[PDB]
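Enquirer: show me the folded form of this:
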Amino acid sequence: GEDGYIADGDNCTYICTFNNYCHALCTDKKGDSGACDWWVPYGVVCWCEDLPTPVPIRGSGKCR
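Expert: Numbering: from 1, shown residues only. Coordinates below:
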């Protein structure tokens with residue numbers, strides 16, 4: 001469906017160092033694939049491709 005940085009129900013991304021971790025995390029959540037992006041406005045977090053609407057991605061605002 002959509003692409004972006006997988007977040008949790010409280011607007012928080014997931015930290016990473018390796019692409020494998022993000023890949024599994026993303027696939028675990030029905031995505032196509034995933035990779036760790038080292039330079040993002042939130043730090044080094046997971047980015048997913050073709051992630052379903054049931055799963056949230058980061059949006060504008062705070063992580064609480």
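
Enquirer: any idea how far residue 32 is from residue 14?
Expert: To residue 32, residue 14 is 17 Å away according to Cβ to Cβ, to the nearest Å. The way it works is simple: take the backbone N, C-alpha and C, and place the C-beta from them, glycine included.

Enquirer: show me what the residue lying closest to residue 57 once chain neighbours are set aside bridges to in the sheet.
Expert: Of all residues not flanking residue 57 in the chain, residue 4 sits nearest, at 3.2 Å (Cβ to Cβ, 6 or more residues apart in numbering). Per DSSP bridges, the residues bridged to residue 4 are residue 48.

Enquirer: touching, residue 4 and residue 55? I think so.
Expert: No: contact between residue 4 and residue 55 fails when scored by Cβ atoms under 8 Å: they sit 9.3 Å apart.

Enquirer: where do the contact lists of these two overlap?
Expert: Counting by Cβ atoms under 8 Å, 6 or more residues apart in numbering, the residues touching both residue 4 and residue 55 are residue 48.

Enquirer: so residue 25 belongs to a strand, correct?
Expert: No: counting by DSSP: H, G, I helix; E, B strand; the rest coil, residue 25 falls outside a strand, being helix.

Enquirer: residues touching the closest residue to it other than its chain neighbours, list them.
Expert: Spatial nearest neighbour of residue 25, excluding adjacent residues (Cβ to Cβ, 6+ apart): residue 46 at 5.7 Å. Counting by Cβ under 8 Å, 6+ apart, residue 46 touches 5-6, 13-14, 16, 21-22, 25-26, 34-37.

Enquirer: okay, the residues you listed in JSON lines with neighbour count next?
Expert: Formatted as JSON lines, these follow (neighbours: other Cβ atoms under 10 Å):
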{"residue": "5", "neighbour count": "22"}
{"residue": "6", "neighbour count": "23"}
{"residue": "13", "neighbour count": "22"}
{"residue": "14", "neighbour count": "21"}
{"residue": "16", "neighbour count": "21"}
{"residue": "21", "neighbour count": "16"}
{"residue": "22", "neighbour count": "26"}
{"residue": "25", "neighbour count": "17"}
{"residue": "26", "neighbour count": "23"}
{"residue": "34", "neighbour count": "27"}
{"residue": "35", "neighbour count": "17"}
{"residue": "36", "neighbour count": "20"}
{"residue": "37", "neighbour count": "17"}
